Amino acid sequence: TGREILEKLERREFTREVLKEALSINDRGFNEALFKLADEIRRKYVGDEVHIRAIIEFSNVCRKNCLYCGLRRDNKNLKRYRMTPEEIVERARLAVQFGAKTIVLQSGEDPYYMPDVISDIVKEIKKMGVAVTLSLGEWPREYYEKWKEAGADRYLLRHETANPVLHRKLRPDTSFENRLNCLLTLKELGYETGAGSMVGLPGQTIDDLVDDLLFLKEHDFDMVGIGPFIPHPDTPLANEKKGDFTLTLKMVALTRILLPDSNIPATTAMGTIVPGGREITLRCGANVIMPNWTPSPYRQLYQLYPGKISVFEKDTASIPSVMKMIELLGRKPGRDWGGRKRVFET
């Protein structure tokens, strides 16, 4: 019974078996109750503020060849770009002028910047009195250390899949063990650290999803980014099935139940597969939103997956749009940098 599973989640009985059954039950009434539980937990622990992280995707150059990603090195049907350090800093300034209190710098694994150009950019943005989050991939400890000394606050490095076999197959340059080592290094260096995974990868099972949830709970991540897999036509996975929105939403809800004081975005991928999908996600456990702040003409060239919603609008439209979203949801914008506010419990 769904009722029994809900009771067990409510009492914090987070066994493998409970999680598996929650993900396996397809009943509408159960799912809606699960979503309501996560929404309530979100409200009680992290409140009504929705934190805005403005993302600048500053280079689509990548040395890796992940099978799912549109930026993989083997994709020749992509115009590659690099923003200059001045462009990046001034674009960050504009986001701060528009009210962003975190700047996220994301790129492919592009050697050109690493480490010192990033450090210089980070230092310049930090003068603006905002949080800086980096999402640059896997690099040596030394690079992560340099970026932390330069002032970076947070680092996003999704674990992608906690199944090491599937991880190696989908990310043939690397391994789950290296991904985890990177995440542990970032935690040690004092970053607020984000992990997370895709849902509906080819070959991924429900037990794999359970393992993702248990992995997240084990390491107590500050942020967890979850979205559906969306096949990209210029990759080896072009003909595979999209991830299911409802199942992905259940993963967000369960993440909030498991990690009640974490920061959890309503990802752009959720809003790509279903119209209004970010808004739904913000009502099922999420409390962060990441408006795209990549300028034209580059924005349209950073498509990890196709259909990305933000590609066609004026490049200053996203921050105002998310502020409207937050209001029509009956929520409030974040007042501070939206760092993790731990609630210690039992």
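Numbers follow the displayed sequence, beginning with 1.
Chemist: Taking the recorded C-alpha temperature factors, which stretch has the higher mean, 150-158 or 216-224?
Modeler: It is 216-224.
Chemist: Could you check which stretch, 84-92 or 234-242, carries the larger mean CA temperature factor in the entry?
Modeler: Mean B over CA atoms: larger for 234-242.
Chemist: Looking at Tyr45, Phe58, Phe30, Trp293, which has the highest CA B-factor as recorded?
Modeler: The record points to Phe30.
Chemist: In terms of the chain's CA B-factor thirds, is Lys308 lowest, middle or highest?
Modeler: According to the entry, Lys308 has a C-alpha B-factor in the chain's highest third.
Chemist: C-alpha B factor of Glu17, ranked within the chain: lowest, middle or highest third?
Modeler: As the PDB entry reports it, the C-alpha B-factor of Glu17 lands in the highest third of its chain.
Chemist: Divide the modelled residues of the chain into thirds by Cα B-factor and specify which third, lowest, middle or highest, holds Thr174.
Modeler: For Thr174, whose C-alpha B-factor we compare with every modelled residue in the chain, the answer is the middle third.
Chemist: Can you tell me whether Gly70 has a C-alpha B-factor in the lowest, middle or highest third compared with the other modelled residues of the same chain?
Modeler: According to the entry, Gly70 has a C-alpha B-factor in the chain's middle third.
Chemist: Taking the chain's C-alpha temperature factors as the reference, tell me which third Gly285 falls into: lowest, middle or highest.
Modeler: Its C-alpha B-factor belongs to the lowest third of this chain's values.
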